[PDB]
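*Asks:* Next one to model:
(chains A, B, C, D, E, F, G and H, ligands or ions: 20)
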Amino acid sequence: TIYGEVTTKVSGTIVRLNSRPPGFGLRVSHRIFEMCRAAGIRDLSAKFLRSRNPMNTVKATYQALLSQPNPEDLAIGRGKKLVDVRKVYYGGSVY
Amino acid sequence: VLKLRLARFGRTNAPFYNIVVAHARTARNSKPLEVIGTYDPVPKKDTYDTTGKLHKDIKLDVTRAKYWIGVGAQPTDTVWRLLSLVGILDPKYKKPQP
Amino acid sequence: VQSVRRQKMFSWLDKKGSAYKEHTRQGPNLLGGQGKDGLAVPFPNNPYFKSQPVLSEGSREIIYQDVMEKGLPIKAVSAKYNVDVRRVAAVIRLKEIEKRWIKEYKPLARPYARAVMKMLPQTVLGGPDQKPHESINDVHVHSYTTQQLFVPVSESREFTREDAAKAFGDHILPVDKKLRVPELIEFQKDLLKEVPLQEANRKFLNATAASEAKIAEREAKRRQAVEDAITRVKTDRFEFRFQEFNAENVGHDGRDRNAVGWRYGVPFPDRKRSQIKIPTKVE
Amino acid sequence: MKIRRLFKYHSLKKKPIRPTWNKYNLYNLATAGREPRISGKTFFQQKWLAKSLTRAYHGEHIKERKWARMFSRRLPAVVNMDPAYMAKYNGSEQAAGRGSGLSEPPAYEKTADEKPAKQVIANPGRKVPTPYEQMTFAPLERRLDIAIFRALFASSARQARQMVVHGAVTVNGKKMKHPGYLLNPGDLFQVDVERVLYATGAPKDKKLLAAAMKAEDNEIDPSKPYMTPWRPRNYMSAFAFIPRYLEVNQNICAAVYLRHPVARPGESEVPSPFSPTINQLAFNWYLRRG
Amino acid sequence: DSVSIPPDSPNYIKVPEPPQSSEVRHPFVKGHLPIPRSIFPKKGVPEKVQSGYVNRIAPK
Amino acid sequence: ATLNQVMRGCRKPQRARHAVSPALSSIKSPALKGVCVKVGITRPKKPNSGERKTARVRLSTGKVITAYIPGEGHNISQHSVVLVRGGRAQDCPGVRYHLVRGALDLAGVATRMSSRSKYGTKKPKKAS
RNA sequence: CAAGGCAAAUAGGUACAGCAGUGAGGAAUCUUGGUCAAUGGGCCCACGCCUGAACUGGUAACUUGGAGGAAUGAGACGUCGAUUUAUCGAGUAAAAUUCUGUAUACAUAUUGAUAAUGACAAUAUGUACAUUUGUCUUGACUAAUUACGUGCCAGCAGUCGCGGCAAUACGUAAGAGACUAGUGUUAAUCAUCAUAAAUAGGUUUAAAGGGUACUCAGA
RNA sequence: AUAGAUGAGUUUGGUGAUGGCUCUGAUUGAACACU
Ligand SMILES: [K+]
Ligand SMILES: [K+]
Ligand SMILES: [Mg+2]
Ligand SMILES: [Mg+2]
Ligand SMILES: [Mg+2]
Ligand SMILES: [Mg+2]
Ligand SMILES: [Mg+2]
Ligand SMILES: [Mg+2]
Ligand SMILES: [Mg+2]
Ligand SMILES: [Mg+2]
Ligand SMILES: [Mg+2]
Ligand SMILES: [Mg+2]
Ligand SMILES: [Mg+2]
Ligand SMILES: [Mg+2]
Ligand SMILES: [Mg+2]
Ligand SMILES: [Mg+2]
Ligand SMILES: [Mg+2]
Ligand SMILES: [Mg+2]
Ligand SMILES: [Mg+2]
Ligand SMILES: [Mg+2]
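*Replies:* Numbering: from 1, shown residues only, chains lettered A, B, ... in the order given. Ligands and ions are numbered 1, 2, ... in the order given. Please see the structure below:
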């Protein structure tokens, strides 16, 4: 899944992507599904807030997957740890 | 006239009675004052029991029923018998020995 | 005359698929064959599903004798042979039924048993143990623990599993308390303190054995406390069982799942779709 | 009444995979395509294709309407946790650094280094992905008739339902005539010995027994349904596999439903002759049946 | 205690499950029951539970 | 809009949309019986060309609507009790209803083999 | 007590929105049954009487749940459909054989109830029987194809649309896709619709800033 | 109660917007047609 939530706007087409827990599946549209299935994502929940232009929809959601918040940059910026509770609890990353 | 009686609930050929405390002149299945317990007429059989015995499941709140009986509640014939078995009241009918 | 499709079928079924007519070799003979981890794959297109091994006939007896004759705790037998407590208990139940059949002079399915056991991979326990039968520490993935939470904490904080459980929820426990054999952790802590292995196993047995006593005690008190509320009044024909209960525990608005009585104000739901009208459990 | 959907059950043209040990089914499963081409097809066309393939095997004798409600979006899973790591470490090292963990050098720098870096501290095998996609038809494994077919007691799901409907199985030592009984963890279903021998036994050819009445060990009996001496079905070894959520006893033809099928990090306990790509598409179909 | 538990029932060998190992979602139960009455008040010790109260309202 | 303007009732229901078959949608009825008043031919509009088989019907309620006769050839005339169902002839202005063909007096197509249910045609019974 | 309807005549009853039932209206909704055995109620010292509530039987696919058959079946070395007479299909399909005894039928027992009373049925056990397909769709949305006929005609159509002489869309034929004792259509409701937006919208050029700002109430 | 949030067709020579209509899902104390 992706990191957190992203919202990208491309000339009237807004796409909101959320990171869902494991076993949620690609409960997304047909165009987003092809991209998630191809990039390697398996759990996501998208939404077209304003417009559903086929082209801009693909440009906005592709630009959203490249704008995910980097937990390590946010940590060094705030001087605070951003610990993934899921990893500490299970003593590793459960893929 | 407060009465301890049975409200019949269930489907066709599947009776399931509900012990209630309701005024005499009221609908049988109307919402009563209290629901003391439930009664199941059809006798059951222990799961892993081949002897052939049978029992009847009755969930009754003895403590609550006793209070109502002490203030003048009149249980019906069917409920009176059930209370007799528990020992709250004396039997209303007895088998003739002669 | 056979069509080409049928003709090709018998062509494949005569040379390539002939090895599946009779089972000559012992062990799985599936289509996928041996995988990367040495497990037969029944369906080639699906590599994840594998033909996992089954306890051999002689293995089931070893587990049965240990629990019954030696009276060892189930947790210890599970940890010893790396068999799940739920499976160890089942083998005993199934074995007890066998004793009944043999005691009642019933014919067993020996011809069928031997034939099927040669088609499934087996794990003979005892001396020649190569791998553990299965994982005895699997912990259910709780729904709360599946969320993606990045908690901002101090740069030098020692975030532990205890703190992780509290971040997921308030009532959640760490994975150290969800194990089916939690005594293993305590046993492994003795090895870190350079404790002799012999004494480490001694403490393990006592710990598990002591744990089974508590479980039995709780179960005993429960069943004994459930029969104290039931009044059995034998009669001419049947035996009436009057169960007691607090008739005031109907919640604050009358709606409560664990209440006793037929609810008022509900129409029969027989007409709704997917209405379960079958027994849900056999006691 | 044979319905129009069963007109072509093992057709070689359509090449469907069915839950049975029929030799025709074995040929279809063996020679099935490696990967159906789904590039040109649209999203609906892909989902519809996956639905047809998977539904030809999973619960084929269950009305589409019923299974649509039975499909659960709750895919259970477990995680293995060894006690060794629990004792030594308390999960503090997994947060060192910036929260995600102490970074390690890239793969292209390590090969140049003569000595490999120290291994990262974590549970053994804690990076493999868990196959959630291959768990869609898990609720069907709880059916009493499917569970019997997975215990190698019947030759197919259809035949496994016959035994239940005809009063041959007994759950927890009690007759169970309902093929839809959803087994609970701990239940013990036991099939009659005779029905299991006939199902898995070889066909009784009257011609083969003609030369047998004249010419451990079991004697030949000409008054039994299966062929004597009993022998396994011709093509039973290609489907001989027991799932991990069952503990069968061949002798008494009884099994225990230990738990529900669960997905572990590296495998799945749901028999399915379909790749994750197909199950993933099928799962999407039943989210909104479109 | 009527009859010993046979090896068929699941209660032959009790293996308690670990805490938080299942997520069964119970369905909402339709209907309600009448709320029994509060015989006593919410504060103070009522006169009905004194030494002699049944001998004063139900004398022999 | 501000929270104050919403207390004063600024959120009114959207303007209703006219239904396809008002006569039926009004009283929530799936069909209505009516006495045929006229059996005629209506002409399509800009794109389409042909001759549709409409019929002026007087419903039980009292309204006089113009229905449409689906199929090839009909059996209705003046003063024919016919059953009217919803629908609309897209290319015929003023025609917003259909007529059930297995209805009281309107007979289904006798030479129909495909989609008989839609035209009220009993099975041929060739062998039976 | 008054009025009208039916009945009534020198009388002064009746209104089935009590149960069953009839006519009418309508697209459309049931038996003029049995019993007070069970539960409840009225009267009664007691026994007991009464109960169209109620419990039971009947009618309807209106809905839901379940059954409605599984395994074997290759050389009848046949039949059919196409057509590249040898390719592609009907086809493991059929026949045939080997088993089961599901709904249901019958029989026995128990039980609904006990002080005693059983209208009617439920459950368990035993034996016995292998019984129908129907329907929509097939240009795209939307899973699934050719041939012929028709020639902006006849017709299809939820939306965009199709049909003017070699129509994948109309009508037949075959095939295919799909649901199934149901399948479609019509009507309605929620959702789709952030499509009256409190959560949660918008108003330069697209629906929408009052001609203006001093100001009571009110924010 | 922590898995629950999804789109498609149609305006234009064409593109991006605005904005309705319709389909995709579920259902009925339903009726009708073919069974
Ligand atoms: K257009
Ligand atoms: K103006
Ligand atoms: Mg828009
Ligand atoms: Mg138009
Ligand atoms: Mg056809
Ligand atoms: Mg009247
Ligand atoms: Mg009436
Ligand atoms: Mg009429
Ligand atoms: Mg009575
Ligand atoms: Mg009475
Ligand atoms: Mg009396
Ligand atoms: Mg029977
Ligand atoms: Mg009487
Ligand atoms: Mg298509
Ligand atoms: Mg048509
Ligand atoms: Mg056509
Ligand atoms: Mg049905
Ligand atoms: Mg202005
Ligand atoms: Mg003005
Ligand atoms: Mg222009």
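
*Asks:* residues touching the closest residue to chain D within chain F, list them.
*Replies:* Using CB to the nearest CB, the single residue of chain F nearest to chain D is residue F:123, 16.5 Å away. Just so you know, the C-beta spots here come from the backbone N, C-alpha and C atoms, and that holds for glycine as well. Contact partners of residue F:123, counting by CB atoms under 8 Å, 6 or more residues apart in numbering or on different chains, are residue F:116.

*Asks:* Which helix or strand contains it?
*Replies:* For residue F:123, there is no helix or strand it lies in under DSSP states H and E.

*Asks:* residues contacting the closest residue to residue E:10 other than its chain neighbours?
*Replies:* For residue E:10, ignoring the flanking residues on the chain, the nearest one in space by CB to CB, 6 or more residues apart in numbering or on different chains is residue D:186 at 3.4 Å. For residue D:186, the contacting residues are D:256, D:257, D:258, E:10, taking CB under 8 Å, 6+ apart as the criterion.

*Asks:* Give me the neighbour count for the second one.
*Replies:* For residue D:257, the count of nearby residues is 24 (other CB atoms under 10 Å in any protein chain shown).

*Asks:* And whichever residue of chain C sits closest to chain A, how close does it get to chain B?
*Replies:* Checking chain C residue by residue against chain A with CB to the nearest CB singles out residue C:146 as nearest, at 3.7 Å. According to CB to the nearest CB, to the nearest Å, residue C:146 and chain B sit 39 Å apart.

*Asks:* Report the buried residues of stretch A:64-82.
*Replies:* Of all the residues in stretch A:64-82, those buried under the rule 16 or more other CB atoms under 10 Å in any protein chain shown are A:64, A:65, A:71, A:74, A:75, A:80, A:81, A:82.

*Asks:* which phi and psi does the residue of chain C closest to chain A have?
*Replies:* Here is the backbone geometry of residue C:146 (degrees, to the nearest 10): phi -90, psi -10.

*Asks:* now stretch D:64-82: how far from the chain's centre is it?
*Replies:* Going by CA atoms, centre = their mean, to the nearest Å, the spacing between the C-alpha centre of stretch D:64-82 and its chain's C-alpha centre is 13 Å.

*Asks:* er, stretch E:11-30 actually
*Replies:* Between the centre of stretch E:11-30 and the centre of its chain there are 20 Å (CA atoms, centre = their mean).

*Asks:* End to end on that stretch, go ahead and measure it.
*Replies:* This stretch, stretch E:11-30, spans 31 Å end to end (CA to CA, to the nearest Å).

*Asks:* gap between residue A:17 and residue A:87?
*Replies:* Applying CB to CB, to the nearest Å, the value for residue A:17 to residue A:87 is 22 Å.

*Asks:* meant to ask about residue C:5
*Replies:* From residue C:5 over to residue A:87 the distance is 54 Å, taken as CB to CB.

*Asks:* Give me the more crowded residue out of the two.
*Replies:* Neighbours per residue, other CB under 10 Å: of residue C:5 and residue A:87, the larger number sits with residue A:87, 21 against 12.

*Asks:* Check which residues of the one helix or strand the more buried one maps to are buried.
*Replies:* Secondary structure here is read from DSSP H and E; on that basis residue A:87 sits in helix A:85-90. Buried residues in helix A:85-90, counting neighbours by 16+ other CB under 10 Å, are found at A:85, A:86, A:87, A:88, A:89, A:90.
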